[PDB]
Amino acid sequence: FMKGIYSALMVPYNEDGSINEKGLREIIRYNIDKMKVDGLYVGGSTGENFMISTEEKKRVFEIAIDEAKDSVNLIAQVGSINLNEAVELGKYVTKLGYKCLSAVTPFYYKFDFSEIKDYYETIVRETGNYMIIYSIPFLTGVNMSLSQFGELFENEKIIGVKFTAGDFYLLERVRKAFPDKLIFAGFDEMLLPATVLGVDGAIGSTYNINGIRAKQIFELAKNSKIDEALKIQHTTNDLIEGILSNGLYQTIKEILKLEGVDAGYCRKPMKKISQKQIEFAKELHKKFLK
């Protein structure tokens, strides 16, 4: 029921570093109305979201839920810092109406798997909400074993997993071992291969600007029209190759400003986008998205 394309909301910032509330609402509206996404992924690692305070993470969650209402599905990423920040955020967004959570493991310590399980099971026990897990524990690089997925999926309110690494063998194994769980692709350049292996959705940050093509790839592949889907994936990956060449986070923001959305400013010590990269973003915009 949570299927479809999700855009990873990137939070825009004012000149002074605070959150640009009206700019945040404009990005939500652009994703819902123009990109016609099936959901929003709020609080993800995308861009520079993990640096903001707990207080500012809570204001972003409330602004998002009040502007999106339920035109779309919403998932709240509440992990990363530690387990009690995850629980406080998890019960705040549960009280705001967020019907699903996700959590990356904490960054301050390399936890064994038995502590990953306690971490995830505690967020489900203390919030009562649904949970999406990550196939890779935060900053470890190693995918979880298929046996470890089974131990986590024994909990019924852990309803899915977001794949960040493009291991399609493990993806296929998880897909067959757990036909009742949701699997989200977290790689936009390989959406077509993921869709034919039966993923239920995709979460990406390019879908802020390329959501239309992604919904077509997702829909055409689930109806076995591979010839047309591969051709759109070829065009999508020419956009992504240019965006990556040009700096992905800043190119997406610069393209959003070319579409009439105030995507805000960057926070130090990140270097400002150059004139050559602004002109290159406009060439990408006119070639692929206008």
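Numbers follow the displayed sequence, beginning with 1.
- The mean C-alpha temperature factor is higher for 64-72 when 64-72 and 40-48 are set side by side.
- Taking the PDB entry as given, 220-228 carries the higher mean Cα B factor of the two stretches 243-251 and 220-228.
- Among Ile81, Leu182, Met131, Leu171, the highest C-alpha B-factor in the deposited entry belongs to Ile81.
- In this structure the maximum Cα B-factor among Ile159, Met144, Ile116, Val196 is found at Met144.
- For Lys286, the recorded CA B-factor ranks within the middle third of the chain. Only modelled residues enter the ranking.
- Per the deposited record, the Cα B-factor of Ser53 falls in the highest third when ranked against the other modelled residues of its chain.
- Sort the chain's modelled residues by C-alpha temperature factor and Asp200 lands in the lowest third, per the entry.
- When all modelled residues of the chain are sorted by CA temperature factor, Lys110 is found within the highest third.
- Ranked by C-alpha B-factor against the other modelled residues of its chain, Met190 falls in the lowest third.
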